[PDB]
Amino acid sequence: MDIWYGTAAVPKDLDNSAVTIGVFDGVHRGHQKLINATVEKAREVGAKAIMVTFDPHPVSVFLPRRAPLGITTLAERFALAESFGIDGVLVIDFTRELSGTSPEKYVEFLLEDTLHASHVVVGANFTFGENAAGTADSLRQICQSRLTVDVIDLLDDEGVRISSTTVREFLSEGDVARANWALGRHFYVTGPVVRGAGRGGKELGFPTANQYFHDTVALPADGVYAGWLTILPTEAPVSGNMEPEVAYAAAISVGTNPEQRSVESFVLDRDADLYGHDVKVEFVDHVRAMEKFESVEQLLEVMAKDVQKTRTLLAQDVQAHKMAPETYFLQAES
């Protein structure tokens, strides 16, 4: 998949495309409709399926540092776009271009001159151009007889509107299961493992992995979650009895160092230290709220209840195998 930053970087010889336009933060189930419609039409005409997206978040252009929390990093937005068969991602920076353009010169410049588009696919809520004057309705009439438009209704399911906003709310409430349901996959973060408390290994109280994320990263509410930890492919040696590319059962503790988030993972039935490695943490279900511990005894007692509840939640998760990982490790007991 090609990734272009700004219209100037798009090749001039690109002859045909089917284009979809949005922030696509989270690539949730609504976003997948747009991507699917786009990829299908591109196959039909032998064109490329292009996603036009935005970075920085268009909101932070007008209101710096008051933009919505990023459900996925931009890099993951790329990976997700690819996984649903997008051929090229054009990334637009509204501080550089396409902000003050009229709806008319936007269609002309972006969809025609730059992308040589024959089809465009947007959500009913899509807007564009100076002061957001261009709507889904504008696009259909500016494009009349120039390129076909397909406006897709916002996705409603089980009485919930599926959007970046609702995914953020579920995450913020700690309801990862509903977030997962809306995303169409386990919500996950990825990151390098740093040193934490003591060492990963024989001791149950020491995390198998510690990770840190900047405050622009959307994360579940502080608490303990059941989920899966996967060491991303690597040739570097791993300390302990975990193998790369296998999804291990884990009780996951999300915290805050006072506004900057930690993820501390206790991998079930494994003695490992993952320092140095890049690790994916998939969230499955909420286990408990954060609590302060009065003693080592009380701490480990609770840690053991976490493990128990996680084993139950994950044994269930594996049965919904469309969202479960391919290769996993979960023991029936300790």
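We number the residues from 1 along the sequence you see.
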item	value
Deposited but uncoordinated residues in the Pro258/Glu259 interval	4 to 9
Greater mean Cα temperature factor according to the PDB record, 21-29 or 315-323	315-323
Of 286-294 and 264-272, the stretch whose C-alpha atoms average the higher B-factor in the entry	286-294
Highest-ranked of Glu40, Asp278, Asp306, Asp55 once sorted by CA temperature factor in the record	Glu40
Most elevated Cα B-factor in the entry, residues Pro220, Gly227, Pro244, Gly100	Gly100
Cα B factor band for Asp87 (lowest, middle or highest third within the chain)	middle
B-factor third for the C-alpha atom of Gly46 within its chain	highest
Cα B factor band for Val176 (lowest, middle or highest third within the chain)	lowest
Assigned third (lowest, middle, highest) for the C-alpha B factor of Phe206	highest
Third of the chain, ranked by Cα B-factor, where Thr135 sits	highest
